[PDB]
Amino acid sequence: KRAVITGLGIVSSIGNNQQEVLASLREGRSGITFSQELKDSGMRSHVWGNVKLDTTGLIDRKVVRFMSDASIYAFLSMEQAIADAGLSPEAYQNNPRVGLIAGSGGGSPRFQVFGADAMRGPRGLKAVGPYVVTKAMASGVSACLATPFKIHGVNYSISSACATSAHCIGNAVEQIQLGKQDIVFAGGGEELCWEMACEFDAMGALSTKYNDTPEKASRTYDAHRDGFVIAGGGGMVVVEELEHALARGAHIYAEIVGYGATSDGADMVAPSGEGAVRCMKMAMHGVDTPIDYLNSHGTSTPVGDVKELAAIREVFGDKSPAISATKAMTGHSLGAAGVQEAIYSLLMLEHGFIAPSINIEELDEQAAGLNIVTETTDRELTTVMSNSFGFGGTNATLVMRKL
């Protein structure tokens, strides 16, 4: 069975819905701002890709009481995706053929910490309250969505650090391929908080030299890049079996024609490059059209950026796709990056443009021989690819093509 994407939803540093996101991608607009929270926490990195949305009252009191911010962002993204897919409650609720696979990289460090802080204070268990497990547990995002949306089919999270939501989408495709589900909502969410951000800063992973000019801090492939800019948000796509989609007159963005998932088996916090080569080739297998555009993982990290370019050069030789790292605009939403970047790639495919790789003032030498696009470019695209990698040497690649 073939799998297609029939709806999308997104809450991102560059837009609270697909219209805002589309506009930001075309304008090369930064979603990065200064964070007093990060500064106050004692961090060296004081910049972030924040969600600019008051979520007060957007979710029913009895539903939101179980949720951390990752789940809030994923839930709002799922609402958007359902509306976009034209799915009525009757179409998707209480239906064993309809599932949900969505995760987070971090879960909720904020709520893990809150539980322990509260426990150590004067009210102990009463301060902790009865909602911390569903906030803090690694599967919060799937649990907190599958329940209120009345999902009856598969319900779990994939967790693979910064590749999380890409593997969620690939696993959704597998459920369609195995004939087990007709629809799977796939994606993820990530909270933004010093509790988690400080652990990345403590390993030197985050940008620290550009706090005074937050919009210039995330600068994938620039020779003066100095680490990623942390971000939060959510995204969800509707992954649907092809015949089921056509039969209901769904709007189809693209077919997922390739999914690679591989492992480096090498280093914990630096990529081998070879795993990414294998992952991309796996996702390309049997795909009879060229890759027109590649949304790189492209974190703005000295080692990572060029390791991935070396991998791309090995896979494509002298026939580079157009490449841009949208993280230079959006920052790195960790477990939510894969689905948000799939969505950016789908919007490029749907609207016929390539988003720019911004903030390259001096292009890294190793981008020579490749097609790094630094200006918004109108172009009819047919096949797009998006890479996601995570600590632990975990790799995901998705290839999406017009029908």
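The first residue of the shown sequence is 1; numbering continues from there. Basically, rigid core = biggest C-alpha set you can superpose within 1.5 Å across the two forms.
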Farther-lying stretch by C-alpha RMS in 8 other deposited structures of this protein, rigid core as reference, of 207 to 215 and 120 to 128
120 to 128
Which of the two stretches, 364 to 372 versus 41 to 49, has its Cα atoms farther on average from this form in 8 other deposited structures of this protein when everything is superposed by the rigid core?
364 to 372
Using the B-factors recorded in the PDB entry, average over the C-alpha atoms of 219 to 227 and of 146 to 154, then report which stretch comes out higher.
219 to 227
Tell me which stretch has the larger mean Cα B-factor in this entry, 162 to 170 or 94 to 102.
94 to 102
Out of 73, 200, 210, 185, whose C-alpha atom has the biggest B factor in the entry?
210
Which listed residue, 339, 334, 363, 347, has the largest C-alpha temperature factor in the record?
363
Sorting the chain's CA B-factors, does residue 288 end up in the lowest, middle or highest third?
highest
Looking at the entry's B-factor column for C-alpha atoms only, identify whether residue 295 ranks in the lowest, middle or highest third of its chain.
middle
Going by the recorded CA B-factors, say which third of the chain residue 138 sits in, lowest, middle or highest.
middle
Relative to the other modelled residues of the same chain, rank the CA B-factor of residue 111 and answer lowest, middle or highest third.
lowest
Relative to the other modelled residues of the same chain, rank the CA B-factor of residue 242 and answer lowest, middle or highest third.
middle
